[PDB]
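**Q** Dropping a structure here in structure tokens format, bear with me for questions.
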Amino acid sequence: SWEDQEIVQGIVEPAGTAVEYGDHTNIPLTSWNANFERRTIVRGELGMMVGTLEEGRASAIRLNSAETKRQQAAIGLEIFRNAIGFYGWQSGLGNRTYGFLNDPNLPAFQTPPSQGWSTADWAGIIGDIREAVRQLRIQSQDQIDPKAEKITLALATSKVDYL
Amino acid sequence: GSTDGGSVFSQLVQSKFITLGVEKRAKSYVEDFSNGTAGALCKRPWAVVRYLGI
Amino acid sequence: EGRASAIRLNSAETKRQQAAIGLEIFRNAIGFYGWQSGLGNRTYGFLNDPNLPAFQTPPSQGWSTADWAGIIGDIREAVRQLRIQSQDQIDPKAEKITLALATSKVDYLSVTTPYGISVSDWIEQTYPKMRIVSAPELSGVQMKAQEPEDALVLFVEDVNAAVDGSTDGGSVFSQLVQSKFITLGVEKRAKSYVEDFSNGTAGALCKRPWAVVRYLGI
Amino acid sequence: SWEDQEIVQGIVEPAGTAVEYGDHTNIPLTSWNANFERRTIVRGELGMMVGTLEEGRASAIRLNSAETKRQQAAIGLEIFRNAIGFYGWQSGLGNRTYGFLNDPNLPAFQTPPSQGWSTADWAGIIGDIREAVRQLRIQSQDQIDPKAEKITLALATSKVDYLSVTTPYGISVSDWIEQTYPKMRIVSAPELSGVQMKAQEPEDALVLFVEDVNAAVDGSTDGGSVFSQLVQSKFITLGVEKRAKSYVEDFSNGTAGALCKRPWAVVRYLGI
Amino acid sequence: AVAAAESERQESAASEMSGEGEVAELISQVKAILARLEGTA
Amino acid sequence: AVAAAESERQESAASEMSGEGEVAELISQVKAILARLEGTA
Amino acid sequence: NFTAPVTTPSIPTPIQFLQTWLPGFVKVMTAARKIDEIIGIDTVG
Amino acid sequence: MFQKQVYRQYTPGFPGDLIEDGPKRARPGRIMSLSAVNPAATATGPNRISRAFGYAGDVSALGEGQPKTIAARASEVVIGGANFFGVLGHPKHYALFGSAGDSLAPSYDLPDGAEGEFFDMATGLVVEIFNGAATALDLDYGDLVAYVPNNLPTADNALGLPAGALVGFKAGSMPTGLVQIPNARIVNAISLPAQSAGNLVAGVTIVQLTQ
Amino acid sequence: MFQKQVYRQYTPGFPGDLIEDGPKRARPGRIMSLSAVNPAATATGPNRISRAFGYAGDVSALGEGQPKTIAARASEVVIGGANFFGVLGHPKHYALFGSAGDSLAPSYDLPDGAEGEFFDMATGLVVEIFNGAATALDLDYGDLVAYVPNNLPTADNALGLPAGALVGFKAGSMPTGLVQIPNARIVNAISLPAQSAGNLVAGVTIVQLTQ
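Protein chains in written order, with PDB author numbering: chain A, 111 to 273; chain B, 329 to 382; chain C, 165 to 382; chain D, 111 to 382; chain E, 286 to 326; chain F, 286 to 326; chain G, 66 to 110; chain H, 1 to 211; chain I, 1 to 211.
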């Protein structure tokens, strides 16, 4: 809800190993445990003030001056939301709002095998992509779909042309 | 057996755009709106590989 | 149960599905490696069936030190061996053929010649309908002395019954499962209750040994 | 619901001061604040095992074994609940389950104007009662009128008969109480006797408290109960286990002790 | 029913075999569906 | 569910990958629509 | 031999879900207003 | 917070839990406080779940006068008492209180004066066990269990083991000062690497059979 | 006889009763006779309930002929056990036979060669335990149990304890000649005062954990 402060996500690790069946053997039992992660909520605000003479004068040139201000407020809040979702909001100060790039539960930000792509050749870029995919498959224990179906490779916009 | 939805990353948005209020004055009026967002949550860190300095 | 239900978690349901998933792990491991075949228990898997051809060594030795040509030669020799053993029992473009790989070597299908042609591209342009899968259990199948040997298994999936008149069904391999998940019973006590489930599996049976080529230590 | 681990009660304090009216003058505002108090929940259990030949031979002497054991299980859980309600449960070890005599928010026990009702005459006992009512009126800042308010006098069972102390003219304490305070209800409890020790001599206890306060006098949307025994359930059949030649029955109950939401409406005296 | 099951099965096989093989098998299954559509009418 | 938003999500996904994968997923979605057409009749 | 647990072992249920909050709030009262009880009330203005 | 990795199988269980169902005996008790312990009480512990507690008196009586109501047979136990009461367990019984402001922070520690379920015996119990020496150890099917007491002298507790930490030794090798749980057996087999006082590697959780 | 004082609660139980539920093992047996024990009977007791009886042969095979008939698996026991058969219990299974001049007097005795179930295993069994020494003793949770035998020399049994009387003896203060019940533990905590040979002091009813 809008009038909230935090959102909590639960991670439940289950546990249990089978045994060979026996009529009189003691029954193995499964179990579970739960951990929780909290993330605070950032509320952005934007408004518009419109006057009567301004309304008439702008409507004279077929511009609303109130609908365009409304959609500009919407677009500004969208820019705020996208920036929050990419970088997080004041995570350095301890706000507990992390984005796509500064999440605490992410693996350490590695360095590519070929160093920079700008000085690298075709083989270096191929090696970097191959090592990334191999590391993902090793971490995931082969939970990757055929042909890397549900795998997104997100790039810097200044380096996608190097593809 | 996860019942969360199965996504690895989730951008937590409370609301894209809500109209907070309208105040009508004598010769003008103000309209104020807000939005809420909790950033992005990584629920499956094992399925991520990051390279810096490319 | 009440405390767990307070946090919108059904303790009984999550415990029961964890029991199901644990039995599934048991079944998959039995199907891959067999159960106590070393002690002579006579339930083998996809990797240690007695009626399988001897685990060969690839012509290029390991793929880690091999180039594009070596990997291509290994795949070509495996396919040629399968065709010679099967006496041309392979569908057009190697349709009903599955290539199972170690999970640590599937990324070697992305190894290229220095001029920009991958092993996967070679398979695309040579055997376009060849199924390619990679299994975690197919990595580190054996030991040379301390180095986990990685495996490649090329086999025909199914053989049509018209040519031979088989009433079996035509599958080369079959994982004999008695039941995925059965509820053994419920024992209700004064302040708790126990629920017991079971499953059965007879490993994997290879009915057509001729339609299998295996490489060890790629 | 027998299951929750704590019970929380909220107290709201409003704040606002009026100013003299004027148009174009700044509007004075008001606000509020909230505080919360929590108590823990204690679950007790009791059971009963019955065999076949045990019932068969118990029926010979015209006694029902299972019925008696089930009744004793219920009575034992009742004893647990009552003892928790009167004394809490491990209040000194960090558990927040408190009782009718142990609530931290309660005012401290006071020495009565008369040293003890054993030696005090009729004037002494009625003076102690009147002084307790005086303290109750002062504490409430004249908001609770004891003449027309339901007010409970909880006494030790060893001093309730001292309400029969008479003068030579036949005026007991009971006449004075029931004529001066017609709405006053006198209750006696054995747990209220020997509540504390002074020197190898049990001290008895007297508690004056208003049963309920009207919503008009306080503005509360709660119910106005000064004291509340928060009992989750007096009896739950946890379950039964039928075995071949015997069966087990297991029951339980839950209780969070006693909570005093209005300390200003309680007066306590120790050592009458 | 059984037909739909067989379809889904051959589809998952036609998702793990190169690109040309995948596209050929998918177009063949598509044509089988159209042949069934012709058979219904 | 809605069967249209999922279709546009799959369209966006397919257009975002490479050419062979895009053509494979588009023909797979075409097959799914054809199968649903068969199911309706 | 035991597989290393992924989540750190912890008591499952947060305390917040095992609390019952009593209905209503206790309002803080003030001194009584008894001027009408003494000299009555009159509306003249 | 969530899975940062993927293993080939799930763990058999978490410490303090029951794996095998069979004849079991457990009793309730109150956690007391190592501060309330009259004697020195050297060994210090945070009421961890997989720890073996000791009896330290009764709290059956209620009241402050001569007539006291014995409401219940309540046991008042301490983390490292010499009179072994039971290994604390069943974490799902309790409520998470968080740790230092973060109400959702993980915690396996029961607050002082709370109520716990102390298994006196169980067919299978997952327990954290420790090393009684600084060398690597191998525990097999025929291995015994001994827990650290509250009054373990500093000379004996060189490794600085926790208060109620169950160790796990071999026949005729009980680390000095340690007191044995009778008829306690290490069911599953594990290996503990070499450790020091500073490192003190947490011994891998183990299935144990008690009585 | 009739309630002469009203208390705040009820007793936890009575000797011979089961106060806790869980794993338990009891076997039937026949009381036999103390006048049939080969080495006479240096200790003597009137087959009371909360007493530890021991094995004294089998009575399974019926018939005096050459082909026998084993009708049932039956055993005969004696109160002065040498090999511990079981602690007699469950007094609701029996009848009030008599007390030699008072047929309705309260008695816990069993007639000679009568039926009885003797507990090998019990989650909690309410018994009475005597003091093996003339001095007072405080028995707590971490304490063991031991039963007197009939062949106990009179020098060892200075206090004149009965034949099958149970005794608490701390952990390393075993009275000489007493027979220990293996893995038997004292659950409830009580304190017995100092006693002499003549007055003894029947031990207060108390819960114990058997095997």
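Idealized CB from N, CA, C, for every residue including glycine.
Of all Cβ atoms in chain C, is any one closer than 8 Å to the Cβ of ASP21/H?
**A** yes
**Q** Is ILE248/A close to chain G? Criterion is C-beta to C-beta, closer than 8 Å.
**A** Cβ-Cβ to chain G under 8 Å: no for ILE248/A.
**Q** Quick check: the Cα distance between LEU263/C and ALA242/C, rounded to an integer number of angstroms?
**A** 10 Å
**Q** Given a threshold of 16 other Cβ atoms within 10 Å of its Cβ, counted over all protein chains shown, does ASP360/D qualify as buried or as exposed?
**A** Classification of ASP360/D: buried, given that the 10 Å Cβ count is 16 or more.
**Q** Distance check for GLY120/D and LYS99/G, CA to CA, integer angstroms please.
**A** 29 Å
**Q** Can you find at least 3 beta carbon pairs, one from the segment 68-77 of chain I and one from the segment 146-156 of chain I, that sit closer than 8 Å?
**A** At 8 Å Cβ cutoff, the stretches do not touch.
**Q** Do we get a CB-CB distance below 8 Å when we pair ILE106/G with the residues of chain H?
**A** no
**Q** Is the shortest distance between the beta-carbon of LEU87/G and the beta-carbons of chain C less than 8 Å?
**A** no
**Q** According to the neighbour-count rule (16 or more other Cβ atoms, all chains shown, within 10 Å of its Cβ), is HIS90/I buried or exposed?
**A** buried
**Q** Taking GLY304/F as the query, report the chain A residues whose CB atoms sit under 7 Å from its CB, ordered along the chain.
**A** None at all; the shortest Cβ gap to chain A is about 13 Å.
**Q** Determine, using beta carbons only, whether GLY16/H and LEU110/H come nearer to each other than 8 Å.
**A** no
**Q** Counting along the chain, where does the beta strand (DSSP E) carrying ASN192/A start and finish?
**A** From DSSP, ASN192/A is part of no beta strand (DSSP E) but of the alpha helix (DSSP H) over 177-197.
**Q** Indicate the three-state DSSP secondary structure (helix, strand or coil) for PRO214/C in the structure shown.
**A** coil
**Q** Would you mind sorting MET307/D into buried or exposed? The rule is 16 or more other CB atoms within 10 Å of its CB.
**A** Burial call: exposed.
**Q** Pairs of beta-carbons, one from the segment 291-301 of chain E and one from the segment 345-363 of chain D, closer than 8 Å: are there three or more?
**A** no
**Q** In terms of residue numbering, what span does the beta strand (DSSP E) encompassing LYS92/G cover?
**A** 84-92
**Q** Could you run through the segment 251-277 of chain D and flag, in chain order, every residue whose CB is less than 9 Å away from some CB of chain H?
**A** none
**Q** Please give me, in chain order, every unbroken run of the beta strand (DSSP E) with length at least 3 that falls completely inside the segment 162-208 of chain I.
**A** 166-168, 179-186, 190-192
**Q** Spatial neighbours of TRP227/D within its chain, please: CB distance less than 6 Å, with the 5 preceding and 5 following residues excluded, ordered by chain position.
**A** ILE235, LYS269, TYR272, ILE382
**Q** From the DSSP output, read off the bridge partner residues of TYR379/C.
**A** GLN220/C, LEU316/C
**Q** State yes or no: is the beta carbon of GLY198/C nearer than 8 Å to at least one beta carbon in chain D?
**A** no
**Q** List the residues that DSSP assigns as beta-bridge partners of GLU76/I.
**A** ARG30/I
**Q** Are there 16 or more other CB atoms within 10 angstroms of the CB of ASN188/H, so buried, or fewer, so exposed?
**A** buried
**Q** Counting Cβ pairs closer than 8 Å, one from the segment 161-174 of chain H and one from the segment 136-143 of chain H, do we hit at least three?
**A** yes
**Q** Would a check of beta-carbon distances place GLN314/E closer than 8 Å to chain F?
**A** Yes, because at least one Cβ of chain F sits closer than 8 Å to the Cβ of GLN314/E.
**Q** Please list the partners that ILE189/D has in chain I, where partner means a Cβ-to-Cβ separation under 7 Å.
**A** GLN9
**Q** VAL275/D to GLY65/H, Cα distance in whole Å?
**A** Taking the straight line from one Cα to the other gives about 26 Å.
**Q** Using 8 Å as the limit for Cβ to Cβ distance, is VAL308/F near chain E?
**A** With 8 Å as the cut-off, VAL308/F counts as an interface residue toward chain E.
**Q** Assuming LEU340/C and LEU369/C make a contact with CB atoms under 8 Å, what is their CB distance in whole Å?
**A** 6 Å
**Q** Suppose contacts are defined by Cβ-Cβ distances below 8 Å. Is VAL145/H in contact with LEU166/H by that definition?
**A** yes
**Q** Per the DSSP calculation, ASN150/I is bridged to which residue(s)?
**A** None, per the DSSP bridge assignment.
**Q** Taking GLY381/B as the query, report the chain A residues whose CB atoms sit under 8 Å from its CB, ordered along the chain.
**A** What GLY381/B touches in chain A, judged by beta-carbon distance under 8 Å, is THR221, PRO222, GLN225, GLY226, going in chain order.
**Q** For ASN212/C, which residues of its own chain have a beta-carbon under 6 Å away from its beta-carbon, when the five flanking residues on both sides are left out?
**A** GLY198, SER201
**Q** Which chain H residues are close to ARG180/C, counting only those with a beta carbon under 9 Å from its beta carbon?
**A** Simply none; closest approach about 14 Å.
**Q** In whole angstroms, give me the CA-to-CA distance for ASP238/D and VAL283/D.
**A** Whole-angstrom Cα-Cα distance: 11 Å.
**Q** Please confirm if the segment 91-105 of chain G is in contact with the segment 242-253 of chain D, defined as three or more CB-CB distances below 8 Å between the two stretches.
**A** When Cβ pairs closer than 8 Å are counted between the two stretches, the segment 91-105 of chain G is seen to touch the segment 242-253 of chain D, the count reaching three or more.
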